[PDB]
Amino acid sequence: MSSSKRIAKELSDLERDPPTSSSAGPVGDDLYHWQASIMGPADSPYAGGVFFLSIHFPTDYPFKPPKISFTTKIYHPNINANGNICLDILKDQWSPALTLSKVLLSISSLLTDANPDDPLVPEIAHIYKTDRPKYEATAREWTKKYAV
Amino acid sequence: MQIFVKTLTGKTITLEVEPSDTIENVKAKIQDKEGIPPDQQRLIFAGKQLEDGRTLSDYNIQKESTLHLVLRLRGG
Amino acid sequence: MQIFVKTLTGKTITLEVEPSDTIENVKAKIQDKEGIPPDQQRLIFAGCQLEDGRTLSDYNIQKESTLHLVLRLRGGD
Amino acid sequence: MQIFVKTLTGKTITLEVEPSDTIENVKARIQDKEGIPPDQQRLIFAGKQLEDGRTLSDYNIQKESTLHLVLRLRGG
Amino acid sequence: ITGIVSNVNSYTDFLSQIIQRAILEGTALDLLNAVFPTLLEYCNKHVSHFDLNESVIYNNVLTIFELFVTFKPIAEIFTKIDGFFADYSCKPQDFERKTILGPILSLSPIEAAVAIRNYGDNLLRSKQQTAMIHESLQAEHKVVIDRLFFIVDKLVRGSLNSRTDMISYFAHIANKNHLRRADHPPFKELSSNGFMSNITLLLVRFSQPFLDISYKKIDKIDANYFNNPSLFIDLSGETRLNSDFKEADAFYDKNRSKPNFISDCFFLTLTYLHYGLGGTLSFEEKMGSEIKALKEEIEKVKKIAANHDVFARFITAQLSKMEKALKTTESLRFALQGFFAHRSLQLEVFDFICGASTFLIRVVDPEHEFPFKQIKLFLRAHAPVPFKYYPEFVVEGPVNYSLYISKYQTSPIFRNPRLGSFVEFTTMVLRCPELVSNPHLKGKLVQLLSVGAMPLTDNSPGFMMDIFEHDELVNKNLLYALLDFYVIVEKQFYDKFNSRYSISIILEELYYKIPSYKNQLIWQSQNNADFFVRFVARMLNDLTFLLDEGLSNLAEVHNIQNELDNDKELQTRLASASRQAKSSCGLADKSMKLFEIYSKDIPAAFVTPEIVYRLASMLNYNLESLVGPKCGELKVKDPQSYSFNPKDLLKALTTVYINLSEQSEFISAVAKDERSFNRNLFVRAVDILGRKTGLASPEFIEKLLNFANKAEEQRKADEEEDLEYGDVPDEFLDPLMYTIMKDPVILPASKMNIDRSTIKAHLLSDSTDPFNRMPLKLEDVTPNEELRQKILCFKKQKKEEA
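Residues numbered from 1 in each chain as written, not as in the entry; some residues may be left out. Chains lettered and ligands numbered in written order. Heavy atoms only, no water. Residues with missing side-chain atoms left out of burial classes, pairs and counts.

Caption draft 1: Expanded view of the overall build of chain D. In terms of regular secondary structure, chain D is built from one helix and five strands. Secondary structure of chain D in N-to-C order comes out as β-β-α-β-β-β. Its C-alpha radius of gyration of 12 Å places chain D within 12% of the 11 Å reference for a compact globule of 76 residues. For the C-alpha atoms alone, the extent of chain D along its principal axes is close to 35 × 25 × 25 Å. When contacts within chain D are restricted to residue pairs at least 6 apart in sequence, long-range pairs at least 24 apart make up 57% of them. (Helix = DSSP H or I, 4+ residues; strand = E, 2+ residues; numbered from the N terminus. Rg over C-alpha atoms; globule rule 2.2 N^0.38 Å. Contact = heavy atoms within 4.5 Å.)

Caption draft 2: Highlighting the pattern of salt bridges. Using the criterion set out here, one finds 32 salt bridges over all chains in the structure. Salt-bridge contacts for E:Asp146 lead to E:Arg205; the nearest nitrogen and oxygen are separated by 2.4 Å. Of the two residues, E:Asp146 sits in helix α9 (residues 127–156) while E:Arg205 sits in helix α11 (residues 193–207), which places them 59 residues apart along the sequence. E:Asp146 gets classed as partly exposed once you look at its relative accessible area, which sits at 41%. With relative accessibility at 12%, the residue E:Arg205 sits in the buried group. The partner of E:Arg538 in a salt bridge is E:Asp542, and the shortest N-O contact between them spans 2.9 Å. In this pair, E:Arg538 and E:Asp542 are both assigned in helix α25 (residues 529–561), four residues apart and thus about one turn of the helix distant. Residue class for E:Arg538 comes out partly exposed when judged on its relative accessible area of 28%. Judged by relative accessible area, which is 10%, E:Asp542 ranks as buried. Three or more residues joined by partner-sharing salt bridges are found here, namely A:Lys9, A:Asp13 and A:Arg16. (Salt bridge = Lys/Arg side-chain N within 4 Å of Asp/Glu carboxyl O. Buried < 20%, exposed > 50% of the residue type's maximum accessible area, 1.4 Å probe, protein only.)

Caption draft 3: Up close: the packing of helix α19 (residues 420–431) of chain E against helix α22 (residues 474–488) of chain E. Residue and element names in this part refer to chain E. It is at 8 Å that the axes of α19 and α22 come closest, and there the two elements cross at 45 degrees. The orientation of α19 with respect to α22, classified from their angle, is oblique. Crossing of α19 over α22 shows left-handed handedness. Together, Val423, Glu424, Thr427, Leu430 and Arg431 of α19 and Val474, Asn477, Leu478, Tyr480, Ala481 and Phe485 of α22 make up the contact between the two elements. (Axes fitted to C-alpha atoms, helices over the stretch in contact; angles between N-to-C directions. Parallel < 35°, antiparallel > 145°, perpendicular 65-115°, else oblique. Left-handed = near helix turned anticlockwise from the far one by under 90°.)

Caption draft 4: Representation of the packing of α11(E) against helix α13 (residues 261–285) of chain E in the model. Residues and elements named next belong to chain E. Relative to each other, α11 and α13 sit at 150 degrees, their axes nearing to 9 Å. In terms of crossing hand, the pair formed by α11 and α13 is left-handed. Across the interface between the two elements, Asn193, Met196, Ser197, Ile199, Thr200, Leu203, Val204, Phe206 and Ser207 from α11 touch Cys265, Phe266, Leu268, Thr269, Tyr272, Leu273, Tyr275, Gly276, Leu277 and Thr280 from α13. Its residues assigned to classes, the contact of α11 with α13 comprises 12 nonpolar, seven polar and no charged. (Nonpolar A, V, L, I, M, F, W, Y, C, P; charged D, E, K, R; others polar.)

Caption draft 5: Layout of the interface of chain E and chain D. Listed as interface residues are 17 residues of chain E and, on the opposing side, 17 residues of chain D. Ranked by the residues each element gives to the side of chain E that touches chain D, the list is headed by helix α12 (residues 245–253) of chain E, at four residues. Across the side of chain E that touches chain D, the residue classes break down as five nonpolar, seven polar and five charged.

Dropping the structure here:
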């Protein structure tokens with residue numbers, strides 16, 4: 001009734017139209033734990049990096065935004081060591097009309113622009129507001145560490 | 001330019017604009033009545049964001065088009 | 001308004017605040033009734049550590065809210 | 001004439017006064033040596049809250065009596 | 001002077017007339033200014049530590065005051081001694097050394113050097129060997145206490161000036177020492193516990209006349225004590241119960257009235273309750289961890305060889321000062337317990353509390369006749385006035401003392417018939433939320449009631465169960481309060497479940513032993529229905545992820561542990577992963593056990609349409625974690641530590657199905673929960689219960705296998721409906737559910753079609769439209785009868801081939 005056919009429909013349309021620099025799907029035959037996979041934008045030091053996502057839908061998913069975290073360790077201010085994502089539409093800006101593909105559009109968009117005024121890490125936000133040569137270096141540095 | 005913008009509880013206000021304004025120049029005539037920060041300038045126009053750092057000449061607001069000002073609760 | 005601060009020893013103090021007051025201004029009150037300098041006083045609200053430059057005009061308006069007091073100490077091993 | 005004023009913290013101060021003095025002028029003398037603003041100050045004699053425009057002879061205050069100052073409760 | 005102290009029993013007649021010499025001459029205060037400072041001189045410098053060990057010496061000094069304090073013309077003027085009161089700029093640790101009253105109040109067995117004298121000679125004496133150390137000192141302690149009370153009473157009854165002075169003397173001590181309640185107080189800067197505990201006892205013994213068990217002298221204490229500003233207790237910064245500063249400062253201004261020693265001495269006692277013993281009890285409780293931290297520091301250093309001559313003597317002497325420091329703390333933890341176990345002192349303290357509890361209910365009483373007639377039981381504006389303006393240490397003080405002292409088997413709370421006055425107060429707080437708006441204060445009240453309602457080791461009813469039965473105030477309204485207070489404590493947030501762990505114990509015990517509450521229950525299910533469903537929906541909703549958090553942290557315990565199977569902040573988080581999983585593995589059992597007992601007797605409550613979809617989801621997903629690989633591969637070391645006993649938890653979980661098994665709706669619900677339904681799940685749970693021998697009956701299994709078979713024939717018929725409806729027109733699909741709308745209603749804002757039930761769950765979360773962010777209410781809708789006629793038509797079209 002409540003949950004399953006909503007999830008399977010959004011799965012089906014990504015199987016119809018796959019995202020270009022992204023890809024997502026379930027972890028095996030467990031419908032309520034998926035796996036996403038993205039590539040970084042070319043106008044970023046996040047380029048060249050591939051990132052995997054730990055995904056957990058809740059039991060009231062079409063009416064609660066999901067719990068989704070990163071797997072790869074990244075030099076990013078809006079991402080902690082847990083891979084928690086300080087993103088707006090993952091919270092009270094949620095609408096049930098939102099598709100996970102459109103959610104994944106917002107994720108690389110945060111990797112594109114990097115809104116610093118929600119400092120999930122304090123130190124990286126200070127580096128980004130002071131020295132772009134320090135920030136853009138270490139992101140490609142930890143890309144070669146982790147996101148290869 | 002007479003354009004429209006509406007709040008959560010039903011309140012809407014009236015103000016002027018220009019075709020060569022910016023989205024914070026929309027906001028520049030938003031804190032002149034309420035006194036709200038331009039970091040909280042939040043526009044929900046048909047399911048997508050209207051970004052603040054852009055100009056007005058990209059976001060297809062026509063004569064007396066209605067915008068949607070909700071205050072932000074950003075952070076974490 | 002007034003808000004709550006809960007320490008990790010199961011102690012609860014209250015503190016009347018103004019939304020104009022800074023996080024530093026909050027730390028200076030809790031300084032006097034806990035004997036702790038504000039450098040050691042780390043705060044958590046909704047998981048996110050607050051910023052010294054910020055105020056209570058910045059994080060999630062409601063009265064009767066409750067902070068947590070994570071005690072970072074100066075010294076380790 | 002001199003009088004004695006006692007605090008909640010127990011500070012004991014002397015004060016040269018006159019029986020016809022207004023109480024805010026007395027509180028000005030408290031602010032004169034201790035800087036505490038008069039709207040904050042609140043004085044008790046004989047277990048009674050006082051009034052600013054009155055005099056000492058209105059409240060029958062004999063010399064070298066004991067006054068009690070309550071700092072009215074400041075906020076956060 | 002010195003030989004006067006040494007031979008005090010010989011000079012006691014010779015110096016008696018010389019005291020009497022100056023009484024008739026009126027020159028009495030002159031030599032009084034000469035004796036007691038020189039007496040303060042002789043105790044401070046000629047003896048390095050005037051203490052309780054020098055059994056010759058302090059027994060001399062007590063009699064010296066007894067030589068004076070009998071004389072009525074002297075005790076009326078005793079307060080005029082040089083150095084009687086303290087300095088305005090006095091350090092709070094320096095009361096008890098520069099005061100005439102200073103040292104003799106500090107005679108107490110809980111001093112460090114006395115604990116060095118009487119514990120450090122052997123650290124592992126037995127539990128029987130422990131007790132004889134105490135009563136050697138505890139009976140000697142009563143000699144100290146009772147002789148001081150003889151002194152201070154004649155100071156009070158000496159004059160009208162002098163009883164004012166002792167109130168002034170105590171107020172300057174308490175206000176310098178609000179930091180005793182801090183988490184890590186400056187103990188070298190505050191007053192000692194021996195100085196604070198002794199004075200705490202004396203004000204209680206002043207209360208004994210007008211705290212009699214007849215309770216007719218209760219109107220001697222003014223309930224109007226706080227409307228007027230306090231001249232003695234510094235209320236500045238002291239948090240009021242249900243008022244902020246600005247209303248209270250107006251409430252001093254409004255209503256603009258004499259002081260009275262009766263009311264003065266009473267509220268001062270609660271200050272020395274809270275800021276005295278209340279920090280002292282928190283001081284003892286940390287020494288379980290203060291010793292535990294200290295042993296690991298020394299254990300690291302003892303593996304180090306010492307060669308480098310500058311650094312070898314350092315590391316050698318580094319341990320030796322910590323040796324005495326370990327000798328310090330281990331002496332003190334053994335010292336404070338017997339002080340807290342000396343029940344003859346501990347009775348008077350708890351006698352003061354319930355008597356003061358009788359006072360507080362009289363205040364809440366609008367007729368103020370509580371001690372005779374029983375009380376009849378937004379929140380700030382409707383609050384009673386006097387009460388809402390009282391401070392919070394009148395409640396926090398007693399309940400800290402009550403939560404702490406119940407760890408002792410020698411509990412003075414236990415077998416006290418006067419106890420029930422407190423629980424009348426405690427019920428009344430949790431009944432009307434207008435009294436205290438603070439929930440964290442109310443958490444320690446409801447944490448206390450579980451401690452009073454724990455079954456003992458011999459499974460006897462707890463020491464409030466007789467009080468829970470025989471108190472006509474409590475039995476009317478304790479049930480409605482606890483069910484209400486379970487809801488509110490919603491208001492990450494990892495303490496909101498600590499209070500619900502305390503409620504669910506009390507809900508379980510009252511359902512077992514008191515049948516009237518069970519009768520009151522059921523009637524609340526049948527005739528207070530909209531209230532009780534919110535309690536069920538709340539307790540259901542938490543349990544959906546309590547088991548998930550227990551799976552989350554217990555692996556993360558291993559992940560910290562296997563990291564040390566190769567810094568201390570992970571070990572600091574290892575305790576954080578411990579208790580939060582302990583609360584996860586704990587509360588989930590306590591929640592599940594309440595479903596077992598309620599479904600047994602009120603199953604018709606759980607079969608409402610608003611719960612039956614929710615409940616079958618929660619049961620099935622919790623089931624698969626237990627029987628599946630997740631809890632099975634999670635091999636926890638000593639599972640009785642976390643009480644992670646899913647084998648025990650399963651028996652409850654299966655019984656919930658069996659209790660609900662006579663309801664076709666619950667049968668229809670579980671077959672429609674395809675998120676976690678399978679026939680094989682229960683079949684797995686058979687042989688799991690087939691492992692725990694005798695834990696489940698074969699008929700218990702047979703009823704369960706009857707349930708799963710009826711569930712399985714249902715869902716096959718359910719998908720039989722699904723196979724006859726394949727390809728489907730897109731317009732007949734609910735654009736947030738992607739299923740066929742039963743009741744298609746039209747959105748007014750975005751003009752879209754939606755099911756009634758779909759937007760209802762949206763509007764139960766937010767009153768905004770999901771498609772164009774417009775405001776939206778349930779009354780705004782418009783039902784589309786026209787589209788549902790085509791839904792009626794098209795469903796009959798596939799019936800034409802079905």
